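All of the numbers you see were taken from the coordinates with simple rules; none came from a lab. Cβ placement follows ideal geometry from the backbone for every residue including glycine, while neighbour counts extend to all protein chains displayed.
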Amino acid sequence: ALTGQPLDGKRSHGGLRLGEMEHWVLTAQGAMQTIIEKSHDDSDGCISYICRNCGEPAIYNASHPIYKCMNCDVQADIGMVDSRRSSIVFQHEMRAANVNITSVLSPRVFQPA
Amino acid sequence: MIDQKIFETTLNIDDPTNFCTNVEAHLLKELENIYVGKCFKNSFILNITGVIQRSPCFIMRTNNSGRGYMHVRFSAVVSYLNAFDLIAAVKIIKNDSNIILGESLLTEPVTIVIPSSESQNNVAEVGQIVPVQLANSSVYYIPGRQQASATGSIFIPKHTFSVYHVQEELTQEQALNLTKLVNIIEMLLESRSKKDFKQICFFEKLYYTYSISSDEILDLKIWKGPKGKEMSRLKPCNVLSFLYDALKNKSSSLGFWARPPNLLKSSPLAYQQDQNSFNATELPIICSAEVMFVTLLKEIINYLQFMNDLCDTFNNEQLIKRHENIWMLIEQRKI
Amino acid sequence: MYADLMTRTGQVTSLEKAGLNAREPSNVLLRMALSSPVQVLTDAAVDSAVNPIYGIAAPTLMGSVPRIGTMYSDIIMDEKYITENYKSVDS
Amino acid sequence: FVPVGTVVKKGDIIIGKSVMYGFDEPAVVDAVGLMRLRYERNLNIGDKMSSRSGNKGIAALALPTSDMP
Amino acid sequence: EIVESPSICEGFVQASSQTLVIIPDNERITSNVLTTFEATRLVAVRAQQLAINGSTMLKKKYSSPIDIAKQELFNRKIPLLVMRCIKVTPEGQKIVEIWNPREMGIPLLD
Amino acid sequence: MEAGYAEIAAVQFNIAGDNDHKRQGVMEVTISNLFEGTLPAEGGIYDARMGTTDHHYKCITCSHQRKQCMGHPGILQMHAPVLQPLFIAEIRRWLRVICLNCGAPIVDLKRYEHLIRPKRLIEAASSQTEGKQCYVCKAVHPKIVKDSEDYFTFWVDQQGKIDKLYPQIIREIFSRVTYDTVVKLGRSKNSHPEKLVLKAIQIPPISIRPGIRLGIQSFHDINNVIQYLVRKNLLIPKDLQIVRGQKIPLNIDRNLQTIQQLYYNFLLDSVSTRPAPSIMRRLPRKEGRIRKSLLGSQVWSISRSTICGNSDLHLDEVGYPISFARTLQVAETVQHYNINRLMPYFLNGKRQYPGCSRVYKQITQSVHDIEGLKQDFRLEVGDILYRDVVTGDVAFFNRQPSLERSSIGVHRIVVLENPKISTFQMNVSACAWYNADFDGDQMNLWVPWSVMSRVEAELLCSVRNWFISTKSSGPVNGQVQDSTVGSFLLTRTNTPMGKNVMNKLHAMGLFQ
Amino acid sequence: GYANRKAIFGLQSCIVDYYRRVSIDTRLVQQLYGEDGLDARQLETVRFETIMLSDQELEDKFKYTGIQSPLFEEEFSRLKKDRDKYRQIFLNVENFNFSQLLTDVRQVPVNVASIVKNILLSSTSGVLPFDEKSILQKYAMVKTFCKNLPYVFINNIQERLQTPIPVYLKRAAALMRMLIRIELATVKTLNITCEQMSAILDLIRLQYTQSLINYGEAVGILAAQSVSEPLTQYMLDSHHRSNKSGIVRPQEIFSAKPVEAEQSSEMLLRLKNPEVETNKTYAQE
Ligand SMILES: [Mg+2]
Ligand SMILES: [Zn+2]
Ligand SMILES: [Zn+2]
Ligand SMILES: [Zn+2]
């Protein structure tokens, strides 16, 4: 419930672990798409929304029409950022300790004209 | 106020191979399906004009879907209702439960919550088109919504008028900015001519602060404006002409400027006294010439747009009869 | 590689928390991953550190994927070639 | 409960005094401290044998009597 | 006088937009040979896009998206481009290097 | 309206004032009622506006189910201000370096301007400022001492007059500090010391604390401490004003102290700088958030089993049991080129291998089990078919500990259709990559199911690449044991019988 | 294990870039990966013949005397320069190493000798007739190829335009330039044809290009793993041979310990003169 990842091992009918060492091996091989698959699609991977105007977690819902940033009542500019529920929990826990995490989305880039 | 604005956004391309077959056509179509008809960046988007700049069709790298994305900088036509704007047509949707709701029927959608504290508002009946004035508060353009949200009340003209203290002379560089505002009036003035002169007279007399009988129209070369009760027999100065003469070195406006209630707001007439020989309850406003001219120029557009919109809203006698109570309400406060 | 990293700043630096703090001070997330998350976070907050997202540890902690290997380069659709060789679906 | 001697397949209901069964290896209800399951376990490829002097080894292949030397 | 701290959002100023600067073709300095990573990425992206939409310029027929993408890469028909980001100058530019896979050398992927 | 695709390019850490908590809070905790029937009590620590942890109700804030809502923060208005547990030392330093009567510093800004910004404040705090006199205030700076019984209490002993500095008084003190002082001292605008006092703490999103325990203790959860904090805040009088030289009733002092202690334990309890559930205790250690969840992850679609030798498998092949090939699936998107090849899998279903398990309809955006499928169901372009693993499909073969980049390699699967075999089988010469032996060693195998992952595995992580060791640049694989001895015997010039020769039949039989 | 994790996090952010350099967020750690820009798995040990030869032996073996032209004297002089540079550099490596000794075997990206031998065997045509023009063409081809060799670190566009080459790239290509000079000396490739020579050069360039390190490589993790693995063998082995214990010295190296804490310190001082060093009694005094 907390992290959203599979449960632990065969005893709980969960998944199997790919610890830090496996991630080091995969990064050394350069297998980033394999990492995406295993650690996001087969794991707690999720979509998180951040307001570009203030770099804070926005509120977005397509089915029920919601497009809302708390800090930017108007002027909200929401972009969707691929993340992991574990990372979102990490950032929420950091915020819980009065540490304000501000995410700077990569700037938009345009051709000369 | 219809205007041009420039936006920046990112579009998700779900079928990059098919999208790139015709980028321009696909790009415009996607923008219209997403933004047109919604509030975005403290504005309401009416129609997309074009794309100023865009980016190549990048491919998402943080997920295993093959979808692409594109940054686009497009200019659209947006409407930003300010404070004190006059909305001619506001159909009441719900008056019961001491709650008065009305949605405008003009080019710029807006939902107005009319307070029940004022008695005049309670006179409104559901399904009746009634002119409204937006309150001093700013309009909330909640992003994503399909219409603005504001609060206003039935337009009862007020006698309280404000003088503005003019100290700095208007700079030719500043003049160029104002000429754009002047251009808006010219189009509005031309449109007013097309509307029959009989219908404008009824409404302008109704919303004139002072009661006036049928008299000779105070005709001007710019427009045939109506007459009014002269205050101190002063000579009004045609602001529209002034800017026209301002382009001819006639930029002397250091004296005081004001438009007392006895002036028909639509007509471009300004009583520029040398001194503050006004019944101004509040002290003159120490403002620059640009601030004053912009303040007064936008006032003309607000009222001029109001009259033209009134004629179109009420073009048959059946409707005018249906809202006799509304018209009579202005008479009660008429002074 | 070992020697060049350990002598990057002109002085011999360790392969430890002290050495990392001297080579990549702004990388708050990487140093958090190594050890002492709470102390690193406190110093970063009081310092108001700005942490660029690079390397392996920082994107991983931010939930993203490192921009290395297959993700180093960018792929962009070739509009000209597609326009000249392909037909729109709505035919 | 369930009858004694019943094939307890994966994803079945065995009411005990524990219905779920996800061991993936079929079992049999030995008794109904109750609900005993017994498996007929033979020597399988991958089982580990060892001589008395250490020498642990894994059964990697099984051959018919005709193929043995 | 007493000062009340504003919120972090008010102080925050979002990064200004950048302008793509395509280095002229003759001023490129990166390798004219696909790296193994780049070829793998090209093939994977093209295969996924084929999965989304089956249109292709390959004459031969294959029953799986991966083979179509690999053969498009080897026969120089893949409709993608490779953009190498050299530097992001603080002035607000993103200097890049656009390469056409149909003309570059292809590594040994088998 | 749609949210475009973006990626984080930088993270900025800053101290969060109560103003931020007020701005970013969906709800405001008012009542202490844990639950109102089945649904969460409104205005409580479980208010659905903050998020949802059950399938019965959705997120009021963003109308999402338990999944797809990221947790939505809240607020709690503290009647008495509270010092931030995470920045006690900063408060101490600022008190040491700042005049209490006025905001002007009691030290020389030029005395430390030369130092780099992060050190300036530390050096000023270290410098002795116990007896100095403020230039604009005739007051002499007192002596600041930290109580030895807690980590969050500050005493001001002035000429032997001991007085406790309550959080409201500290807030007043820091309120007068001018911005120029913080800038010169090194800290930035966002780190103004006034922020270090909170009058409204943040209630964590419900996501961080999913252990609501609905459905009917000894375990201790973060929710209990938050409920205690809410109750004690309710106990405190709402309008309490403290003054530097003012006394307070004993019970009030104890209540404020216990609220401070509750907040401190909630944020940091076991952090060093048993029933101690802390937000910050979750981060450190091998079992902490960062090392167990973010760095490394549990994954689906993965198998583990014992390994065995098989001389008939190539170096780059692994023998996969049939049952595992049925459990793990490969997702194929139906298309015009795919349809004919995918039809046999669809028809076989779960009855005969090769088959399938599920199909995802593109029109309906839903997945259906193949077994219960209705006859009307067909394979239309755009659907995803989850077929079985067949011979030739690549897979990732891993042995732990993963000490080398060869510790994970991609092997072409060979499905062992014999139901008896239940072990992964690889050529003995392949054990060099993984440093493995057929002595009971186990290995992990997972089959890529996404087109991009499959392409990456087949083109990049094939074991063919790990033939030459990165560590040493020499070969990794070759003949071992029986193969070496047999090579010697075959190439041996003379045998005990005589010359090492064979007839045509046996020469052919060598290559068969 | 512990030092393995510490090293991994220390070297994590070292990633190759589009210039083939190693950097940590644009901050250089190496001007060129490994100072050669090559993958660790694309190298094979090769022997340099000229290193240990005497002056007279080198002249006898490599100085081609078929044609009385200054070009061949220049080529032999280039071989001599390369030999002297190799000696001077690697003799110096001896002078700041306890026991590291000069060798004539180095790991190179391409085994030129193997290419030449395979081409000769595949297309054997006997002793070719002495064609003076052909020899000069082959020499010019090898000279131009050596000059353009550093461009393998750049595209073929810059090679065509002949833009300036960085000095560090020239240095990176120096070793392979010397090996090519040795293995393609006019004496060695006397039977090779011009078409065969062009094929050999193209194959050499292709093999060189295929050996360069990829752009997104996480080389820091590779180094961490490759150096952590042998440590465990040292840890156990040092225990059996046991200051100088398995863990004491690696910690000293990887913690930048001060000299005071440097246990098992040593020095290798040498006698003032080449003559007195032979005597052991003087050394003992
Ligand atoms: Mg073993
Ligand atoms: Zn915002
Ligand atoms: Zn939600
Ligand atoms: Zn003072």
In the set E:50, E:42, which member is buried (at least 19 other Cβ atoms within 10 Å of the Cβ), more than 7 Å from every other protein chain (Cβ to nearest Cβ) and not in a loop (DSSP other than H, G, I, E, B)? E:50
From B:47, B:18, which residue is surrounded by fewer than 16 Cβ atoms within 10 Å (Cβ to Cβ) and either out of contact with any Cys (no Cβ under 7 Å at 6 or more places or on another chain) or of a type in the set (A, V, I, L, M, F, W, C) (or both)? B:47
Among the numbered criteria (1) in a helix (DSSP H, G or I); (2) within 16 Å of ligand 4 (Cβ to nearest atom), which single criterion is violated by residue F:225? (2)
Segments classed as strands (runs of 3 or more DSSP E), wholly inside chain D, with at least 2 members that are more than 14 Å from every other protein chain (Cβ to nearest Cβ): D:27-31, D:36-38
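Just to verify a result, which residue in segment C:7-29, among those that are hydrophobic (A, V, I, L, M, F, W, C) and within 7 Å of chain G (Cβ to nearest Cβ), is farthest from residue F:120 (Cα to Cα)?
Applying the first criterion (hydrophobic (A, V, I, L, M, F, W, C)) to segment C:7-29 yields C:12, C:15, C:18, C:20, C:22, C:28-29.
Those left that are additionally within 7 Å of chain G (Cβ to nearest Cβ): C:12, C:15, C:20.
Details: C:12: 26, C:15: 27, C:20: 22 Å.
Looking at residues that are hydrophobic (A, V, I, L, M, F, W, C) and within 7 Å of chain G (Cβ to nearest Cβ), I get C:15.
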The residue from E:52, E:2, E:68 that alone is in contact with a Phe, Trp or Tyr (Cβ under 6 Å, 6 or more places away or on another chain) and farther than 30 Å from residue A:112 by Cβ is E:68
Looking at segment F:438-457 only, could you name the residues that are under 26 Å from the mean Cα position of the chain (by Cα) and over 17 Å from residue C:69 (Cβ atoms)? F:443, F:444, F:445, F:446, F:447, F:449
Restricted to segment F:431-481 and to residues being at the interface with another protein chain (Cβ under 8 Å from one of its Cβ atoms) and of a type in the set (A, V, I, L, M), the residue surrounded by the most Cβ atoms within 10 Å (Cβ to Cβ) is F:451
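Tell me the residue from D:62, D:31 that is within 25 Å of residue F:436 (Cβ to Cβ) and either in contact with a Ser or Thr (Cβ under 8 Å, 6 or more places away or on another chain) or not β-branched (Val, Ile, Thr) (or both), please.
D:62
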I need the helices (runs of 4 or more DSSP H) fully contained in segment G:1-107, keeping only those with at least 1 residues that are within 12 Å of chain C (Cβ to nearest Cβ) and closer than 30 Å to residue C:65 by Cα. G:2-11
Of everything in segment F:79-104 that's part of a strand (DSSP E or B) and either in contact with a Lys or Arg (Cβ under 8 Å, 6 or more places away or on another chain) or small (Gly, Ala, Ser) (or both), which residue is farthest from ligand 4 (Cβ to nearest atom)? F:79
Consider residue B:112 carefully, then state whether it is under 21 Å from residue B:37 (Cβ atoms) and surrounded by 18 or more Cβ atoms within 10 Å (Cβ to Cβ). yes
Which members of segment F:387-428 meet the condition of being within 14 Å of chain D (Cβ to nearest Cβ) and assigned to a helix (DSSP H, G or I)? F:428
Filter segment G:135-173 for residues that are within 14 Å of chain E (Cβ to nearest Cβ) and β-branched (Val, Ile, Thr); which is surrounded by the most Cβ atoms within 10 Å (Cβ to Cβ)? G:152
Flagged in segment F:10-52 as among the hydroxyl-bearing types (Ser, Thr, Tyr) and surrounded by fewer than 20 Cβ atoms within 10 Å (Cβ to Cβ), in numbering order, are F:30, F:32, F:38
Select the strands (runs of 3 or more DSSP E) contained entirely in segment B:1-105, then report the ones holding at least 2 residues which are within 14 Å of chain F (Cβ to nearest Cβ). B:2-13, B:44-54, B:68-79
Restricting attention to segment B:271-289, which residues are out of contact with any strand residue (DSSP E or B) (no Cβ under 6 Å at 6 or more places or on another chain) and surrounded by fewer than 16 Cβ atoms within 10 Å (Cβ to Cβ)? B:274, B:275, B:276, B:277, B:279, B:281, B:282, B:283
Find all pairs meeting these conditions: Cβ atoms under 6 angstrom apart; at least six residues apart or on different chains; first residue within segment A:43-66 and over 22 Å from residue C:65 (Cβ atoms) and more than 7 Å from chain F (Cβ to nearest Cβ); second residue within 14 Å of ligand 2 (Cβ to nearest atom) and of a type in the set (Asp, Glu). A:53/A:77
When every residue in segment F:105-139 that is in a loop (DSSP other than H, G, I, E, B) and acidic (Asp, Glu) is compared, the one farthest from ligand 2 (Cβ to nearest atom) is F:130
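Please work out if residue C:64 is at the interface with chain A (Cβ under 9 Å from one of its Cβ atoms), outside any helix (DSSP H, G or I) and in contact with a strand residue (DSSP E or B) (Cβ under 7 Å, 6 or more places away or on another chain).
Numbers: at the interface with chain A (Cβ under 9 Å from one of its Cβ atoms): yes; outside any helix (DSSP H, G or I): yes; in contact with a strand residue (DSSP E or B) (Cβ under 7 Å, 6 or more places away or on another chain): yes.
Criteria met by residue C:64.
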Going residue by residue through segment F:455-476, is there one that turns out to be within 16 Å of ligand 1 (Cβ to nearest atom), under 26 Å from residue G:231 (Cα atoms), assigned to a loop (DSSP other than H, G, I, E, B) and touching a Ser or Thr at 6+ places or on another chain (Cβ under 8 Å)? no
Got a number for residues in segment F:254-288 being within 13 Å of chain A (Cβ to nearest Cβ) and more than 28 Å from residue F:233 (Cβ to Cβ)? 4
Can you give me the number of residues within segment F:371-403 that are of a type in the set (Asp, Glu) and either surrounded by 14 or more Cβ atoms within 10 Å (Cβ to Cβ) or touching a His at 6+ places or on another chain (Cβ under 8 Å) (or both)? 3
Only one of these is of a type in the set (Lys, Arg), closer than 28 Å to residue F:168 by Cβ, surrounded by fewer than 16 Cβ atoms within 10 Å (Cβ to Cβ) and out of contact with any strand residue (DSSP E or B) (no Cβ under 7 Å at 6 or more places or on another chain): F:138, F:110, F:67. Name it. F:138
Taking the residues in segment F:195-212 that are crowded, with 22+ Cβ neighbours inside 10 Å and closer than 22 Å to residue F:156 by Cβ as candidates, determine which candidate is nearest to the other protein chains (Cβ to nearest Cβ). F:195
Subset of segment B:290-300 (residues that are under 18 Å from residue B:84 (Cα atoms), surrounded by fewer than 18 Cβ atoms within 10 Å (Cβ to Cβ) and out of contact with any strand residue (DSSP E or B) (no Cβ under 9 Å at 6 or more places or on another chain)): B:294, B:298, B:299
Looking at segment F:62-78, which of the residues that are more than 10 Å from chain A (Cβ to nearest Cβ) and closer than 20 Å to residue F:201 by Cβ is farthest from ligand 4 (Cβ to nearest atom)? F:74
Across segment A:39-70, which residue is nearest to the chain's Cα centre (by Cα) among those that are within 21 Å of residue A:1 (Cβ to Cβ) and more than 15 Å from ligand 3 (Cβ to nearest atom)? A:45
